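Have a look below at one chain only, the form deposited in one PDB entry, in structure tokens format.
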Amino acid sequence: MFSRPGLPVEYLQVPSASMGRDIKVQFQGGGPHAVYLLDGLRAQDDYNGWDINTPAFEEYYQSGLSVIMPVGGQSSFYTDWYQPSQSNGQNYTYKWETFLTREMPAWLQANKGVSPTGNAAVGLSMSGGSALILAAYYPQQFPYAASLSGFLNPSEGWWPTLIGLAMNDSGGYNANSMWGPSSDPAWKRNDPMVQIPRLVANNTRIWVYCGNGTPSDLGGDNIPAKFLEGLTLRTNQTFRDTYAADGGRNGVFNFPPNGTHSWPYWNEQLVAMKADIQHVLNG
């Protein structure tokens, strides 16, 4: 849990005009290019889950890369929502894509000397897909994206229902307020599987971790674990195969037999990809 004392970790308050509030960002300056470490479904407002559960700051200290951990955004999918969640009295609209792609990089450039371009987005659970979507639509910002136990085909089959159940359980957030009903174009727009051709066209460097066993942040009380595990396996296989079929050739896939959907394995992936990110971003 957390990193060793004495590191140059700063707790920053970054204004978001789109959300009408400051967003807390934990930051370790270490070079003009950065790794954006995105949190999972149950993201809290005190610390990013990467900091709470891993020594990520310590691991990337003196790596030649800055580390950016935005704080907050429970159940947000790091996306721009249509409107506030109508199930929990949310009193503003999540605009996390606007924050991550416009507001935050402008502020970090002016205040911390971080380049708005040539960075990596690394996500897990909820934010695995977010990382891939950010790279799909903002390739200059994110030539590198990692999805660790992400939801790779959120618009397909039972996934919109299962994601909705999880979002409601995680703070009472309503998926309808986010991307509309499952027939709405926003579901396909934000679906990594559907956006494979963008990832291929831009030659995004992708790193995908597939986990085994008990699901992370998925479905609800009614859903049998085995059913969910089977859906996850088949969706992951479909993503890897479709990426290849669509001409993708810049993706590193990871499926260790003992790997689970858990912080120790997500951290192992973060450690494993460090040299890769250094090479891609810094030469």
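A residue's number is simply how far along the shown sequence it sits, counting from 1. So that the term is clear: the rigid core is the largest set of C-alpha atoms that superpose within 1.5 Å between two forms.
In at least a third of the other PDB entries of this protein that model the residues around it, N222 has no coordinates. Comparing the deposited coordinates for 216-224 and 247-255, the stretch with the larger average C-alpha B-factor is 216-224. If you average the C-alpha B-factors over 207-215 and over 114-122, the higher value belongs to 207-215. Highest C-alpha temperature factor among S182, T79, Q83, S149 per the entry: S182. Per the deposited record, the Cα B-factor of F27 falls in the middle third when ranked against the other modelled residues of its chain. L132: CA B factor lies in the lowest third for its chain, per the PDB record. Ranked against the other modelled residues of its chain, the C-alpha B-factor of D39 as given in the entry falls in the lowest third.
Compared with the other modelled residues of the chain, the Cα B-factor recorded for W50 ranks in the lowest third. Among all modelled residues in its chain, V14 ranks in the middle third by Cα B-factor.
Keep in mind that the form deposited in another entry is not shown, yet the notes after this line are about it.
Comparing C-alpha positions between this form and the one not shown after a rigid core fit, one residue in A244, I52, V252, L233 moves 2 angstroms or more. It is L233.
The two forms, fitted on the rigid core, differ between this form and the one not shown by less than 2 Å at the CA of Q62. After superposing the rigid core, the Cα of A43 is displaced by less than 2 Å between this form and the one not shown.
Here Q28 does not count as shifted, since its C-alpha moves by less than 2 Å between this form and the one not shown after the core is aligned. Here's the thing about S125 and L228: their CA atoms end up at least 3 Å closer in the other form than they are in this form. In the other form, the Cα-Cα separation between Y265 and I223 shrinks by 3 Å or more relative to the displayed conformation.
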